[PDB]
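Chains as they are written, first to last, in my numbering: chain A, 76 to 150; chain B, 76 to 150; chain C, 76 to 150; chain D, 76 to 150; chain E, 76 to 150; chain F, 76 to 150.
Here the structure comes first, spelled out in structure tokens, and everything after it is commentary.
6 protein chains.
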Amino acid sequence: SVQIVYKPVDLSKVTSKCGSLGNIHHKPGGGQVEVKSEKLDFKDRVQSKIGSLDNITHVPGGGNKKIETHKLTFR
Amino acid sequence: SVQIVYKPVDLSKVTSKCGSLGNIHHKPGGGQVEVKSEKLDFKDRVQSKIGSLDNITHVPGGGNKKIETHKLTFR
Amino acid sequence: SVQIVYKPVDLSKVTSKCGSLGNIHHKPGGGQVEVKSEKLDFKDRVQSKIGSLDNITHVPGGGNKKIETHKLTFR
Amino acid sequence: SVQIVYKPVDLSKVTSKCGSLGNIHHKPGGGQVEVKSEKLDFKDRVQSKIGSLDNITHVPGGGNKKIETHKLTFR
Amino acid sequence: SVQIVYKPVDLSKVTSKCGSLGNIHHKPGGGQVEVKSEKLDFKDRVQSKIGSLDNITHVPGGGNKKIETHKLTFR
Amino acid sequence: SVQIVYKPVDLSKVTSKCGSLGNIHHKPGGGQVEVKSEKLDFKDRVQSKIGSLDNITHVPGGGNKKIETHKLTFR
Ligand SMILES: Fc1ccc(-c2ccc3c(c2)[nH]c2ccncc23)cn1
Ligand SMILES: Fc1ccc(-c2ccc3c(c2)[nH]c2ccncc23)cn1
Ligand SMILES: Fc1ccc(-c2ccc3c(c2)[nH]c2ccncc23)cn1
Ligand SMILES: Fc1ccc(-c2ccc3c(c2)[nH]c2ccncc23)cn1
Ligand SMILES: Fc1ccc(-c2ccc3c(c2)[nH]c2ccncc23)cn1
Ligand SMILES: Fc1ccc(-c2ccc3c(c2)[nH]c2ccncc23)cn1
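Here's what the structure looks like:
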């Protein structure tokens, strides 16, 4: 005989209050970029990125995160 | 005979209060960039990034995080 | 006979109060960058990053974190 | 004989630059107001104001002012 | 004979630069107000103000001011 | 014979630079106010103000001021 009771209770709270949020300024890559190449030999795969790439401004009002995992394994 | 009771109780709290949040300024890469190359031999894979890349401004109002794992293993 | 009772109680608290938060200035890479190369031989993989990359401004209103793990193992 | 030449030259400048302007919160009179009167005799004019009156939020983008007066008086 | 030349030259400058401006919070009169009166005799004019009155939030982007007066008086 | 030349030259400058400006909090009158009166005789004009009145939050981006007066008087 085997009896297993799995009764986790979650009454938790993840909250945030922000009176005002803003005046955010993100300016990447305002400088001049010059790339001058001459007599280059590439014998394999080439990946090149020039300029302003993949810059992120992320401004969530809350941005609160809850991660919870439940696992019952029986053998 | 085996009896197992799993009754965790969570009444916890993750909170934040912010009266005001802002006036954030992020300016990466305002300087001039010059890359001058000549007579380079590459015999394998090349990855090149030039400029302002992957800069992040992240401004969450709360940004509060709760991670909780529950694991019951029986053999 | 085996009896196991797992009843952890969490009434904890992770809180923060901030009256005002801001006037944050992050300026990486305002200086001039010059890279001048000549007669370089590369016989293997090359990774190159030039400029202002991967700079982070992270300004959470709370930024409070709770991590809790529960593990009951029976053999 | 009387000769009068009035030739003022104005090449002046009143300018302003604002990158962003906002997140302004004005909350007057959030408190409870109770006025309880009994057996008052007024024998003349009465002016009464109760509550939230005449509060101003004024947010001009420039709000720049130039005042100039020119006066030539001859007798 | 009388000769008068009035040639003032104004090449002046009143300027301002603001990168960001905001997150302004004005909360007057959040407290409770109670006024309890009994058996008052007024024999003349009465002016009464109770509550939150005439509060000002003034947020100009520039708010720059130039005042100049020119006066030529001849007798 | 009378010769008068009035040629003032103004090449002046009133400037300001502010990288960011904000997170301003003005909270007047958060306390409770109680006014309890009984058996008062007023035989003349009465002015009364109770609460939060005439509070000012003034946040100009520049707020720069130039005042200049020119006066030529001849008798
Ligand atoms: F289905 C998807 C969804 C998303 C992406 C994805 C997102 C972001 C980036 C990316 C790929 N590669 C990068 C390199 C440098 N910086 C940022 C990124 C690819 N496949
Ligand atoms: F079905 C889909 C859906 C999305 C994408 C996807 C999204 C974002 C990016 C991407 C691919 N590759 C990148 C490289 C650099 N930076 C960003 C990205 C592809 N397949
Ligand atoms: F599905 C996805 C989703 C996201 C990405 C991803 C995100 C960010 C970056 C990335 C890849 N490579 C980088 C290199 C340097 N700095 C930042 C990043 C790829 N695949
Ligand atoms: F033609 C006009 C135009 C405007 C007004 C005017 C404006 C503002 C106010 C006012 C009168 N009396 C007040 C008392 C207390 N606080 C503010 C004010 C009267 N006549
Ligand atoms: F033709 C006009 C045009 C305007 C008004 C006018 C405007 C504003 C206000 C006013 C009168 N009396 C007040 C008392 C308190 N607070 C504000 C005001 C009267 N006559
Ligand atoms: F035409 C006009 C224009 C404006 C006003 C005016 C403006 C502001 C106020 C006012 C009168 N009396 C006050 C008492 C206390 N605090 C502020 C004010 C009257 N007449």
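Just so it is clear, CB atoms sit at the ideal spot from N, CA and C, and this is done for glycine as well.
For this session: Just the chain B side, please: which residues come within less than 7 Å of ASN130/F by C-beta, in chain order?
Result: Neighbours of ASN130/F on chain B: none; closest Cβ ~18 Å, over 7 Å.
Exercise. Mind checking whether the beta-carbon of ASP129/D lies closer than 7 Å to any heavy atom of ligand 5?
Worked result: yes
Exercise. Per DSSP, which one or two residues make a beta bridge with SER112/B?
Worked result: Paired residues: none, contrary to the question.
Exercise. Taking just the CA atoms, how far does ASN130/B sit from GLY97/B?
Worked result: Between the alpha carbons of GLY97/B and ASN130/B lies a gap of roughly 18 Å.
Exercise. Given a threshold of 16 other Cβ atoms within 10 Å of its Cβ, counted over all protein chains shown, does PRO83/C qualify as buried or as exposed?
Worked result: Taking a 10 Å sphere around the C-beta of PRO83/C, we find fewer than 16 other C-beta atoms and assign the residue as exposed.
For this session: Could you pull out every residue in the same chain whose Cβ sits closer than 7 Å to the Cβ of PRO103/B, ignoring the five residues on either side in sequence?
Result: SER127, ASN130
For this session: Kindly say whether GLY97/B, judged by its beta-carbon, lies nearer than 8 Å to any beta-carbon of chain F.
Result: yes
Exercise. Quick one: what's got a C-beta closer than 8 Å to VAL89/F's C-beta in the same chain, skipping five residues either side?
Worked result: Around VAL89/F: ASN139, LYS140, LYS141.
Exercise. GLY104/D CB to nearest chain A CB: under 8 Å?
Worked result: At least 8 Å separates the CB of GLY104/D from every CB of chain A.
Exercise. For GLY94/A, which residues in chain D fall below 8 Å Cβ to Cβ?
Worked result: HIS100
For this session: Could you please give the first and the last residue of the uninterrupted beta strand (DSSP E) stretch that includes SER123/F?
Result: 121-128
For this session: Take the Cβ of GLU143/B as the centre, count every other Cβ of all protein chains shown within 10 Å, and call the residue buried at 16 or more, exposed below.
Result: buried
Exercise. In three-state DSSP terms, what is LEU96/A?
Worked result: strand
Exercise. Roughly how many angstroms separate the alpha carbons of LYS111/D and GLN107/F, rounded to a whole number?
Worked result: The C-alpha of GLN107/F is placed about 16 Å away from the C-alpha of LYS111/D.
For this session: Given a cut-off of 8 Å, decide if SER91/B and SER91/C are closer than it, judged by their beta-carbon atoms.
Result: yes
For this session: Return the residue from the list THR148/D, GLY136/D, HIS145/D that minimises the CA-CA distance to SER95/E.
Result: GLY136/D
Problem set entry | Three-way DSSP call (helix, strand, coil) for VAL77/E in this model | strand
Exercise. Since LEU147/C is in the beta strand (DSSP E), which residue starts that stretch and which ends it?
Worked result: 140-149
For this session: Determine the DSSP secondary structure at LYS82/D, reduced to helix, strand or coil.
Result: coil
Problem set entry | Secondary structure of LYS118/A, DSSP reduced to three states | coil
Exercise. Residues bridged to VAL89/A by DSSP?
Worked result: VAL89/B
Problem set entry | Inter-residue spacing [alpha-carbon to alpha-carbon] between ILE79/C and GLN78/B | Straight-line Cα distance between these residues: approximately 6 Å.
Exercise. What number of angstroms, rounded off, separates the C-alpha of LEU147/B from the C-alpha of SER87/C?
Worked result: 23 Å
For this session: Might you give, ordered along the chain, the residues of its own chain that have their beta carbon closer than 8 Å to the beta carbon of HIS145/F, omitting 5 neighbours on each side?
Result: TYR81, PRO83
Exercise. Is the shortest distance between the beta-carbon of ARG150/D and the beta-carbons of chain I less than 8 Å?
Worked result: Note that chain I does not occur in the displayed structure, where the protein chains are A, B, C, D, E and F.
For this session: Tell me whether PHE149/D is buried or exposed, calling it buried when 16 or more other Cβ atoms sit within 10 Å of its Cβ.
Result: exposed
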